[PDB]
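J.: sequence and experimental coordinates follow.
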Amino acid sequence: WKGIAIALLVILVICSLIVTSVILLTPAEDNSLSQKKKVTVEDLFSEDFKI
Amino acid sequence: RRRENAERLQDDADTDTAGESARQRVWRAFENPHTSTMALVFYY
């Protein structure tokens, strides 16, 4: 046999490529960025905090 | 004993199974995978 096996694995490769392309293209995953940076000593002596 | 020897008069009659051919032919090839490469491919 083994012709059945090679045809099968070819079809599996094609279907896997299709499904992984869908997996790559479909979702967003773009949460951008959140949270604000904490306070460090360099911030104190910057011109930003001058009263 | 008649019953015991009787269960073997229908399976040998059923040996021929389906000898009809066509969507019927491809259905026969499908429901029984051991017909061609196509049926094996879909089964697997």
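T.: Now that the structure is in, tell me what you want to look at. Numbers count the residues shown, from 1 in each chain, chains lettered A, B, ... in the order given.

J.: which one's the longest helix in chain A?
T.: With secondary structure taken from DSSP state H, chain A has its longest helix at helix A:3-25.

J.: what packs against that one?
T.: Applying 3 or more C-beta pairs under 8 Å, 6 or more residues apart in numbering or on different chains; DSSP states H and E, we find helix A:3-25 packed against helix B:37-43. C-betas here are computed from N, CA, C, even on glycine.

J.: so what's residue A:49 closest to, chain neighbours aside?
T.: Nearest non-adjacent residue to residue A:49, counting by C-beta to C-beta, 6 or more residues apart in numbering or on different chains: residue A:43, 6.8 Å away.

J.: number of nearby residues for the residue of chain A found nearest chain B?
T.: Distances between chain A and chain B by C-beta to the nearest C-beta are smallest at residue A:4, namely 4.4 Å. Neighbourhood size, residue A:4 [other C-beta atoms under 10 Å in any protein chain shown]: 16.

J.: nearest residue to it other than its sequence neighbours?
T.: Per C-beta to C-beta, 6+ apart, closest to residue A:4 is residue B:40, 4.4 Å.

J.: neighbours of the one you found, how many?
T.: Residue B:40, neighbours per other C-beta under 10 Å, totals 17.

J.: ok, it - contacts?
T.: Residues in contact with residue B:40 (C-beta atoms under 8 Å, 6 or more residues apart in numbering or on different chains) are A:4, A:8, B:33-34.
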